[PDB]
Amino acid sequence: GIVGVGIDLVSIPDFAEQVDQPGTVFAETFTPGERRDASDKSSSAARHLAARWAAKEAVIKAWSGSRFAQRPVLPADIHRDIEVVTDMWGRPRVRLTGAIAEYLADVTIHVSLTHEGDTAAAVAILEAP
(Lines of atoms letter the chains of each structure in order from A and count residues from 1; the text may use other names and numbers.)
(Lines give C-alpha, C1' and ligand atoms only; values in the text may rest on other atoms or scores of the structure.)
Protein backbone atom coordinates (compact mmCIF):
# COMPACT_ATOMS: atom_id res chain seq x y z
CA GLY A 1 0.00 0.00 0.00
CA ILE A 2 1.01 3.62 -0.56
CA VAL A 3 1.84 5.52 2.66
CA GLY A 4 2.57 8.82 0.96
CA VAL A 5 3.64 10.72 -2.17
CA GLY A 6 5.76 13.84 -2.51
CA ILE A 7 7.18 15.99 -5.25
CA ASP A 8 9.57 18.96 -5.05
CA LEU A 9 11.04 21.41 -7.54
CA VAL A 10 14.20 23.39 -6.74
CA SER A 11 15.55 26.44 -8.62
CA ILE A 12 19.15 25.51 -9.28
CA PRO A 13 20.30 29.18 -9.49
CA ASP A 14 18.51 30.06 -6.20
CA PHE A 15 19.96 26.91 -4.61
CA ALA A 16 23.47 27.74 -5.79
CA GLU A 17 23.12 31.33 -4.50
CA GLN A 18 22.29 30.03 -0.99
CA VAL A 19 24.07 26.69 -0.55
CA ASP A 20 27.44 28.05 0.60
CA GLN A 21 26.18 31.11 2.50
CA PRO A 22 26.60 31.36 6.21
CA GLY A 23 23.34 31.39 8.18
CA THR A 24 21.66 28.53 6.27
CA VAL A 25 20.84 24.89 7.12
CA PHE A 26 23.14 23.58 4.39
CA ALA A 27 26.36 22.89 6.36
CA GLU A 28 24.42 20.15 8.19
CA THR A 29 23.57 18.35 5.02
CA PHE A 30 26.51 19.07 2.70
CA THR A 31 30.34 19.11 2.93
CA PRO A 32 32.28 22.39 2.52
CA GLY A 33 33.66 21.17 -0.82
CA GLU A 34 30.18 20.14 -1.98
CA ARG A 35 28.82 23.53 -0.85
CA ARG A 36 31.68 25.43 -2.55
CA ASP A 37 31.33 23.45 -5.79
CA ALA A 38 27.54 23.80 -5.74
CA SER A 39 27.76 27.60 -5.34
CA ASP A 40 28.34 27.89 -9.16
CA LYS A 41 24.85 27.61 -10.71
CA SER A 42 26.07 26.00 -13.97
CA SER A 43 28.27 23.31 -12.30
CA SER A 44 27.66 19.55 -11.99
CA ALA A 45 27.68 19.85 -8.21
CA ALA A 46 24.90 22.48 -8.21
CA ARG A 47 22.64 20.39 -10.41
CA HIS A 48 23.25 17.20 -8.36
CA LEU A 49 23.00 18.77 -4.89
CA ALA A 50 19.85 20.71 -5.88
CA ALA A 51 18.27 17.37 -6.92
CA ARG A 52 19.36 15.82 -3.61
CA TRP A 53 17.76 18.74 -1.78
CA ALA A 54 14.63 18.21 -3.89
CA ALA A 55 14.60 14.54 -2.86
CA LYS A 56 14.82 15.35 0.86
CA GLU A 57 11.85 17.71 0.48
CA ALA A 58 9.87 15.14 -1.54
CA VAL A 59 10.37 12.55 1.26
CA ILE A 60 9.30 15.07 3.91
CA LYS A 61 6.25 15.96 1.85
CA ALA A 62 5.41 12.30 1.26
CA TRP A 63 5.40 11.45 4.95
CA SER A 64 3.95 14.70 6.36
CA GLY A 65 1.21 14.61 3.74
CA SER A 66 0.12 11.21 5.06
CA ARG A 67 -0.88 12.92 8.36
CA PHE A 68 -3.56 15.38 7.31
CA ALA A 69 -4.97 17.36 10.31
CA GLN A 70 -2.38 15.85 12.72
CA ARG A 71 0.18 17.88 14.70
CA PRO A 72 3.53 17.55 12.95
CA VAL A 73 6.04 15.12 14.41
CA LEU A 74 9.03 15.76 12.15
CA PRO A 75 12.01 17.03 14.12
CA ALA A 76 13.36 20.51 13.41
CA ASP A 77 16.62 18.95 12.02
CA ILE A 78 14.76 16.60 9.67
CA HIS A 79 16.82 17.75 6.64
CA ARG A 80 19.96 16.24 8.08
CA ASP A 81 18.15 12.98 8.95
CA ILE A 82 17.36 12.15 5.32
CA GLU A 83 20.34 11.36 3.08
CA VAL A 84 20.25 10.64 -0.63
CA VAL A 85 23.06 8.31 -1.60
CA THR A 86 23.84 6.88 -5.00
CA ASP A 87 25.33 3.60 -6.14
CA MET A 88 28.26 3.48 -8.56
CA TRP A 89 25.86 3.93 -11.51
CA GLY A 90 24.04 6.94 -10.04
CA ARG A 91 20.91 5.18 -8.83
CA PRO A 92 19.56 6.98 -5.80
CA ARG A 93 18.36 5.65 -2.46
CA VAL A 94 17.30 7.28 0.76
CA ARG A 95 18.95 6.62 4.10
CA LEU A 96 17.30 7.72 7.37
CA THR A 97 18.36 8.49 10.94
CA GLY A 98 16.54 9.66 14.07
CA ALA A 99 12.82 9.38 14.72
CA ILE A 100 11.95 9.27 11.02
CA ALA A 101 13.96 6.07 10.64
CA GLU A 102 11.75 4.52 13.32
CA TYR A 103 8.56 5.91 11.83
CA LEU A 104 9.47 4.61 8.40
CA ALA A 105 10.81 1.26 9.59
CA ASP A 106 9.08 -1.30 7.34
CA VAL A 107 8.36 1.34 4.67
CA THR A 108 10.11 1.33 1.28
CA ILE A 109 11.12 4.78 -0.05
CA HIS A 110 11.01 4.85 -3.85
CA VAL A 111 12.71 7.99 -5.14
CA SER A 112 13.73 9.57 -8.45
CA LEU A 113 15.77 12.70 -9.18
CA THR A 114 16.02 14.77 -12.32
CA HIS A 115 17.36 18.10 -13.53
CA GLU A 116 17.23 20.23 -16.62
CA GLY A 117 18.46 23.76 -17.21
CA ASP A 118 17.65 25.82 -14.13
CA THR A 119 15.40 23.17 -12.50
CA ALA A 120 15.90 20.10 -10.33
CA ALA A 121 13.01 17.89 -9.23
CA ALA A 122 12.40 14.72 -7.27
CA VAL A 123 9.50 12.42 -6.49
CA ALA A 124 9.15 10.07 -3.50
CA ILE A 125 6.61 7.32 -3.08
CA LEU A 126 6.48 5.64 0.34
CA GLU A 127 5.17 2.05 0.21
CA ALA A 128 4.40 -0.45 3.01
CA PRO A 129 3.03 -3.95 3.11
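Position 1 is the first residue in the sequence shown; the rest follow in order.
- Set 94-102 against 35-43 and average the Cα temperature factors; 35-43 ends up higher.
- Looking at mean Cα B-factors across 14-22 and 103-111, the upper value is held by 14-22.
- The residue among 68, 63, 53, 30 whose C-alpha atom has the highest B-factor in the PDB entry is 30.
- In the PDB entry, a CA B factor belonging to the highest third of its chain's modelled residues is recorded for residue 88.
- Ranked by Cα temperature factor within the chain, residue 4 sits in the lowest third according to the deposited record.
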